[PDB]
Amino acid sequence: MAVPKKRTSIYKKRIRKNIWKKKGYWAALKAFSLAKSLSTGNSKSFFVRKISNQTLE
Amino acid sequence: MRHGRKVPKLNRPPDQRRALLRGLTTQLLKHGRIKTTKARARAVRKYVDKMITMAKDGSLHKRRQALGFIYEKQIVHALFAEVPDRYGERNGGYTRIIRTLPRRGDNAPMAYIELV
Amino acid sequence: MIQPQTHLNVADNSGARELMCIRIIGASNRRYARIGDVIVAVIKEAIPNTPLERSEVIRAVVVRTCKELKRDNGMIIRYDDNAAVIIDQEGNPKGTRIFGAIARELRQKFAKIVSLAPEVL
Amino acid sequence: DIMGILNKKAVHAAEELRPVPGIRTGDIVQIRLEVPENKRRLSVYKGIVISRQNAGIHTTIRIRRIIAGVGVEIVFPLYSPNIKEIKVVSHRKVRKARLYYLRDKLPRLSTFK
Amino acid sequence: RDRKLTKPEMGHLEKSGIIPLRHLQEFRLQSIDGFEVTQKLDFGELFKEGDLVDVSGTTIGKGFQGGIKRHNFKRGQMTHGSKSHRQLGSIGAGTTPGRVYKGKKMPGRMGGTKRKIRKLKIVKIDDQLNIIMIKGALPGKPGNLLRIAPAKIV
RNA sequence: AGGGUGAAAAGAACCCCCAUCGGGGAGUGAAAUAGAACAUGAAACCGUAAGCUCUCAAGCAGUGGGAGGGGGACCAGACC
RNA sequence: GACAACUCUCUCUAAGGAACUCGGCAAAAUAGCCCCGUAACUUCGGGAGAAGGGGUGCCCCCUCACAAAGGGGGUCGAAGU
RNA sequence: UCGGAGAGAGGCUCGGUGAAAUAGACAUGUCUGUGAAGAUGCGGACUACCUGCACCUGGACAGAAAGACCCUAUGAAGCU
RNA sequence: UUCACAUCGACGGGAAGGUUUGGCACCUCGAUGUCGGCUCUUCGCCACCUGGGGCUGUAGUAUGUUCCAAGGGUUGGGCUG
RNA sequence: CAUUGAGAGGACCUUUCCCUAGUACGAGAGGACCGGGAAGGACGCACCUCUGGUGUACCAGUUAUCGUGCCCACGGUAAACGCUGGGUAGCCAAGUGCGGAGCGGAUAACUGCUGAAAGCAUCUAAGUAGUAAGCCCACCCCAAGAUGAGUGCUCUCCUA
RNA sequence: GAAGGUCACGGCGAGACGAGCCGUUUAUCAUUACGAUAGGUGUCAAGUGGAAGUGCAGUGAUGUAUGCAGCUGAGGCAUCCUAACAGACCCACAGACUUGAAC
C-alpha cells in the first residue's frame, strides 16, 4: 500500500534472519532402530517379516 | 479448529471428495499398498473399513448402497468373499498406516496404506 | 416482533381493518414489540361507516404475534398472523367485541380485553 | 452422583417414568391435553385440538406444532413431563404421509385437502 | 496421580492424600487445617444452603475473533457494498495526530480466560458423591475446572 | 550492449566424486592466487573467522572526559 | 495441509420489511404453452405478451394408436413450465 | 433494523521458482511547550526488556504526479 | 401590584474564552483531495437528563435561577446532497 | 507448581408500578420527602440443556439426460448442492442466565455547633461534626519482564 | 550425565503460524498409581424414513402385508483389533564475596 521512507537495510534486515535458524533434522530422535547398521534419521519401517518390500524371499 | 471436527474436506468441493475417494478405495482392495498423503490416509481409512464391515454382514442390503461408492464390479465381490471373511474374528483394524521419507521435491506428508 | 411500520389485522369493530405500526412505546428506544405491549399505529384501510376513519394516529395493544413467545412455565405461544386492538389513552379499547381469540399475556395488563375475548390461549 | 456415567441421563431416566400413550400417533389426532390456566383459577383444565408435525428430542421430548384449526390458526407446541399434564386419549385412526414436516393444511385451508 | 505428573505427587506427601489436577488456595473464613485429618468435603458445613453461589469457568475460544464479533454492531452490505459487512467498519482517522487511540475495539484473538457468573440460586445440592446443580449459565463448556466460590456479594 | 590469458597456447591425457554438467589433484608454463566468467582487477554490495562493546536501555548518536577487557611495550617509568 | 480476522464468488436464513440509501443501486421476484378475460386514450395501426385466473404429472379406456391433441376414470409426492 | 452459519477461490504454514512503488543517513517512544510558529530526532518530564509473526491501519504535511485551481512571465497554441 | 437585583433589566463599562464573521495570507500551488453521510471514537467545559445544595412573588405535585459535579448515558423516521 | 502483591483496564446510565401516606399539605383539584419491594428498556459478557436459524460432508422426494448389458435397483452431471424439504453435533441469534449494587475512607456546593479579633455578633482565624453517581476503596481481568526481578511448598546432583 | 524440559507420534468443545491441555501398546516405580487422547467396531439415542427383494390385488399406474424396515456425519456408553515402538538429544556434578544473627 504505502511506501517506506528511509531504508536502513543494514542491521534491521540481519536481525530478522534469526527466526530462520538452521532447522537441524526437524524430527524426534528416531535413532538406531536396532539391526539397522544406520537407517534414515526420521522413523522408518520397523523390523520383522519382509514387509513394504516389492519382492519377497 | 471446528468444535468436534472430523473427516477433512480437503481443498475441493464435497462432490470432489466422494469422487477421488472412490479411487484409493478400490485400488486398495485390488492391489494392496497405496501411497498417499497423511491426510488422505486418515480419510480413506474410514471410507475403507466402513466398506469392509458391510461385506461382513453380507446380504444384499450391504451391496446396493455399497455399489453407490465403488463402481468396479470386480472389487465389490471381493469384500463379499475375500479379505473381509479373514477379519471375521477381528472386530476392527482393517487398514494400517505408516509414515515414510518426505516427498520428492515437495515437503510432506507421505505414507503407505495396507491391510493388516 | 412488532417493529415499526407493520400490518396488524384488527380484532374488533373499532372501524379499522389493518393498521401500520409507527412507534413502539416503552422506554428510551424500543426495538421490537412482543405480545402485551402497546403500540401507536395508523390505519390504512377501514370501513366507511365507522367511528374511526382512515389515516389516524391511535394507540393499540398487541394481542397476537407471528413470533414464538415464551413464558416462565416453559410454555411457548405463537400464532399465524400478528394482530392488535385499538386502545384508548385511558387503557380500555374503543371497540366492544374482540376477534382472533386472545393471548393470556394480556390478562396481566388488560383484564377486560381478555374477559370479553371468546377463547384464551 | 453415583459413578456410572448415568447421572447426566438420570434426571431424564427418572422423568421418563411417564409412558407415552400413542406409540407415535402420527396423524390428525386432536387431543386436548391440558393447559395451566391460573388467575382466579378454579382448579379447572382446558384443552385444544392438535395435528401432525409430531416432533421430539433425546431429552425433554416435545409434543408437536399444534396448528389447531380453532379460531384463527392456533399453534405453538408444549411438553408432557411438565408439572401440569393430563393423560392423552386417541382421536381418529392414524393415516399415512410424513411425521416431521407438513406446510400443507395451512395455505390449503378448506373443507377438503 | 501417576502418569504425566511425578514431582507434584512426591511434593505432596506432607500429611495428605489423593492429588487433584490443580491445587487452589483460599482466604480466611475460620475452617479446619492440617492437624485433625486434612481433608475438605463438598458440604462446607457453614456456607449455608439456599443462598446463591458464583461460578468461575473458563471462556471458550473463537480463534482470531474479529471486531464485529466482540461488539456485534456494525452495518455493511455484501451483494454490492464495498465494506463486505464483515469488515470492522473501517476505524481510524485520516489526517489527525493523536495516537491511534489504543484500547479501541479491534479483532484480536480469543482463548481460555476466567469468567465468573456470580449470584445464581440453587435447586438441588448433594454431598459425598459430589454433585451440584446451577441455574443455567455455567461459564465455559463442560471440561474446565471452575472455582465455584461461595458468594462475594459484599 | 560487447576490447586484450600467454611469447608460442604446450588452451589442461590420465586419476577421483557426480546424471560420462561441476570441482579437486596429477602435469605443462617464469606465472593458471594468468587457463577459455581468463590480464592489472579498487569501490558500492554480499559473507566467514577473531578481539572488544552489547536486554532495564532510547532520540541524524559524533565529540571531550573516561573504567574495564583481548593483545603488543620497556630488564616500573603508567604509552600504541 | 491448515482452514481464524478479512477479501472475492455463492447457498440457506425466525419476526418485520427498504425502516437503509442521494436514488428500493445491488438482490429477490416475475419469466412455459393453450384457454378465458383485459381500463384511460387513440392520427383508433395500438396498449392487450395490460392487469387479473384455470388446467396441463403419469397410467388406463374411448382407436388392443387416426404422427398429435382432446374428452372420462384411477393413482403418486409438499411441490407437477 | 443485531446478523449468523456453511460450502468454494485467496489469506496462514511448509516445499520449488521468484517482483515493485520508494529510499541522504539511522540505536524512526509518548506528551506539554517551543520552533519561518500542528517535528520522534530542540528543551523539560513521563513511560519503556531485546527481537519476530498475523491483523487493524490514524503519524512520518507517507507514495505516484516540478497540480489540470489562482497569480506571475509585454510565453505559446486554437477560436470569436 | 407595592419592593431595584425570585426572574428580568434601559443609558454605558470592564474581561475571559474562542468553535462565528474578517484581517494577516507568517509555513505548503516539485500539491496537504472540498462538504455531508456512514464506521469507530478521544478530551474539555458555562451538563440538557440522573445525584447532592442555596434563594425563590418555591404550599404540595411540577418549574425559574445559581453553585459543585459529566461517573455514565444522550433516538427512530418523512423531505433535501 | 501454588499465591501474596506494586499498578492498569473494565464495570460504573436509567424509567414505570406497588407498599409506604393517595397521609402531611390544600378551599378544592392535585398529590410527597425518607425508606423498601417488584417488574422492564438500552448495553456488556457468557451460556446456548429450552424456543428458532445455518447444516451444498445425515437421510428422503424428484425433473432432463448419460451410464452400470437389460427390467428393477443405483450412480454421475445440470446458472452458484439441478430444484426442493427436514434434520443430529457444533457454531449463533429474535434464545437462556447474570452483573450494572450496597456498605466504607476522604471531599466539592451547601447546611452545621461553640466561640474569637470587631466586651454583641459571626462556620474557625485555633478545635470538631455531616456532605453526590466525581476522587480512593469495594466487584471483575491482567499483574514482581513493578531486572527496588518478592513469598511459600517440593524434587535432582557430594566421579578424578 | 538426574529432576525437568524439548522433539516426535496419536489427538484436542485450544490455535493463522507458535503457545497451551490430555495421552504415547505394564494404556511410565510401589501401593489399584483410576492411566482408550483419536480412527474403526458393537450397542443405544437422534434425524430421515416405512427402502431392496419377494408375495398378493389391478389391464396398467399404483397400493398392501412383512417394514414404524433399512440406512445412518461429527451425539452417549462400551471396545484400544490398527497407529501411539524399545531408545536419544538438550539440561549437569550441593553451587561467589563481605557482614550480622546462630553453631
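Bear in mind these aren't lab numbers, they're just calculated from the coordinates by the rules spelled out. Here Cβ is always computed from backbone atoms with ideal geometry, including for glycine, and neighbour counts include all displayed protein chains.
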Considering only segment C:48-84, state which residues are more than 14 Å from chain D (Cβ to nearest Cβ), aliphatic (A, V, I, L, M) and either surrounded by 14 or more Cβ atoms within 10 Å (Cβ to Cβ) or under 16 Å from residue C:7 (Cβ atoms) (or both). C:52, C:58, C:60, C:61, C:62
Go through (1) aliphatic (A, V, I, L, M); (2) under 22 Å from residue C:80 (Cα atoms); (3) within 13 Å of RNA strand J (Cβ to nearest atom); (4) in contact (Cβ under 8 Å) with a residue 24 or more places away in the chain for residue C:25 and report which single condition fails. (2)
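Taking the condition within 11 Å of chain C (Cβ to nearest Cβ), without any contact (Cβ under 8 Å) to a residue 12 or more places away in the chain and among the acidic types (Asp, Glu), does residue D:73 pass?
Values: within 11 Å of chain C (Cβ to nearest Cβ): yes; without any contact (Cβ under 8 Å) to a residue 12 or more places away in the chain: no; among the acidic types (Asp, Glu): yes.
So residue D:73 fails the test.
What are the residues in segment C:85-103 that are more than 10 Å from chain D (Cβ to nearest Cβ) and not small (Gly, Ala, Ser), if any?
From segment C:85-103, those more than 10 Å from chain D (Cβ to nearest Cβ) are C:85-98, C:103; that's our starting set.
Of everything in segment C:85-103, those that are more than 10 Å from chain D (Cβ to nearest Cβ) and not small (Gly, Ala, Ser) turn out to be C:85, C:86, C:87, C:88, C:89, C:90, C:92, C:93, C:94, C:96, C:97, C:98.
Which of the residues that make up segment C:104-121 are more than 7 Å from every other protein chain (Cβ to nearest Cβ) and out of contact with any helix residue (DSSP H, G or I) (no Cβ under 8 Å at 6 or more places or on another chain)? Explain how you work it out, then say what you get.
Our first condition is that a residue be more than 7 Å from every other protein chain (Cβ to nearest Cβ); within segment C:104-121, this holds for C:104-106, C:108-118, C:120.
Within segment C:104-121, C:105, C:108, C:109, C:110, C:111, C:112, C:115, C:116, C:117, C:118 meet the criteria.
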Within segment D:12-65, the count of residues that are under 21 Å from residue C:106 (Cα atoms), among the hydrophobic types (A, V, I, L, M, F, W, C) and surrounded by 11 or more Cβ atoms within 10 Å (Cβ to Cβ) comes to 2
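Determine which member of the set B:19, B:55, B:78 is in contact (Cβ under 8 Å) with a residue 40 or more places away in the chain and more than 8 Å from RNA strand K (Cβ to nearest atom).
Numbers: B:19 fails: in contact (Cβ under 8 Å) with a residue 40 or more places away in the chain; B:55 fails: in contact (Cβ under 8 Å) with a residue 40 or more places away in the chain.
Result of the check over B:19, B:55, B:78: B:78.
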Residues that are more than 9 Å from RNA strand K (Cβ to nearest atom) and either of a type outside the set (S, T, N, Q) or within 14 Å of another protein chain (Cβ to nearest Cβ) (or both), drawn from segment E:108-121: E:108, E:114, E:115, E:116, E:117, E:118, E:119, E:120, E:121
Hits in segment A:1-45 (condition: away from chain B (no Cβ under 14 Å), more than 16 Å from RNA strand I (Cβ to nearest atom) and among the small types (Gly, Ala, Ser)): A:9, A:24, A:31, A:35, A:37
Tell me the residue from D:23, D:61, D:57, D:48 that is away from chain C (no Cβ under 14 Å), more than 16 Å from RNA strand F (Cβ to nearest atom) and among the hydrophobic types (A, V, I, L, M, F, W, C), please. D:23
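Residue-by-condition table, conditions (1) under 20 Å from residue D:72 (Cα atoms); (2) of a type outside the set (S, T, N, Q):
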position: C:10; (1), (2): yes, yes
position: C:16; (1), (2): yes, yes
position: C:28; (1), (2): no, no
position: C:41; (1), (2): no, yes
position: C:53; (1), (2): no, yes
position: C:100; (1), (2): yes, yes
position: C:103; (1), (2): yes, yes
position: C:109; (1), (2): no, yes
In this structure, does residue D:82 turn out to be polar (S, T, N, Q), in contact with a strand residue (DSSP E or B) (Cβ under 7 Å, 6 or more places away or on another chain) and more than 16 Å from RNA strand I (Cβ to nearest atom)? no
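Conditions (1) away from chain A (no Cβ under 14 Å); (2) within 18 Å of residue B:18 (Cβ to Cβ); (3) small (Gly, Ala, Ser); (4) more than 12 Å from the chain's Cα centre (by Cα), marked per residue:
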residue	(1), (2), (3), (4)
B:36	yes, yes, no, no
B:57	yes, no, no, yes
B:70	yes, yes, no, no
B:79	yes, no, no, yes
B:109	no, no, no, yes
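So is residue E:100 more than 20 Å from the chain's Cα centre (by Cα), away from RNA strand G (no atom under 11 Å from the Cβ), exposed (fewer than 12 other Cβ atoms within 10 Å of the Cβ) and at positive phi or not? Please lay out each step first, then the result.
Values: more than 20 Å from the chain's Cα centre (by Cα): yes; away from RNA strand G (no atom under 11 Å from the Cβ): yes; exposed (fewer than 12 other Cβ atoms within 10 Å of the Cβ): yes; at positive phi: yes.
In short, yes.
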Looking only at segment E:1-57, and only at residues there that are touching a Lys or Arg at 6+ places or on another chain (Cβ under 7 Å), under 19 Å from residue E:152 (Cβ atoms) and small (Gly, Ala, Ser), the one that is surrounded by the most Cβ atoms within 10 Å (Cβ to Cβ): E:57
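Within segment E:58-66, is even one residue near RNA strand G (Cβ under 9 Å from one of its atoms), surrounded by fewer than 14 Cβ atoms within 10 Å (Cβ to Cβ) and free of Cβ contacts under 8 Å to residues at least 12 places away in the same chain?
Residues of segment E:58-66 that are near RNA strand G (Cβ under 9 Å from one of its atoms), as a first pass: E:62-66.
Cutting the leftovers down to surrounded by fewer than 14 Cβ atoms within 10 Å (Cβ to Cβ) gives us E:62-64.
Add one more test, that the residue is free of Cβ contacts under 8 Å to residues at least 12 places away in the same chain, and what stays is none.
No.
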Go through segment B:69-95 residue by residue and tally those that are surrounded by fewer than 13 Cβ atoms within 10 Å (Cβ to Cβ) and not in a loop (DSSP other than H, G, I, E, B). 2
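Within segment E:93-116, identify whether any single residue is among the hydroxyl-bearing types (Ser, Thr, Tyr) and touching a residue at least 24 places away in the same chain (Cβ under 8 Å), and answer yes or no.
Filtering segment E:93-116 for residues among the hydroxyl-bearing types (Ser, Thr, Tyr) gives E:95-96, E:101, E:113.
Next cut, touching a residue at least 24 places away in the same chain (Cβ under 8 Å) only: E:113.
Yes: segment E:93-116 contains one or more residues that are among the hydroxyl-bearing types (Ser, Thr, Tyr) and touching a residue at least 24 places away in the same chain (Cβ under 8 Å).
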Restricting to segment C:28-44, name every residue that is surrounded by fewer than 19 Cβ atoms within 10 Å (Cβ to Cβ), aliphatic (A, V, I, L, M) and touching a residue at least 24 places away in the same chain (Cβ under 8 Å). C:38
Within segment D:84-108, restricting attention to residues that are within 14 Å of another protein chain (Cβ to nearest Cβ) and touching a residue at least 12 places away in the same chain (Cβ under 8 Å), which residue is nearest to residue D:34 (Cα to Cα)? D:85
Answer yes if at least one residue in segment A:36-50 is more than 24 Å from the chain's Cα centre (by Cα) and not in a loop (DSSP other than H, G, I, E, B), and no otherwise. no
Restricting to segment A:1-17, name every residue that is within 11 Å of RNA strand F (Cβ to nearest atom) and either surrounded by 10 or more Cβ atoms within 10 Å (Cβ to Cβ) or of a type outside the set (D, E, K, R) (or both). A:8, A:9, A:10, A:11, A:13
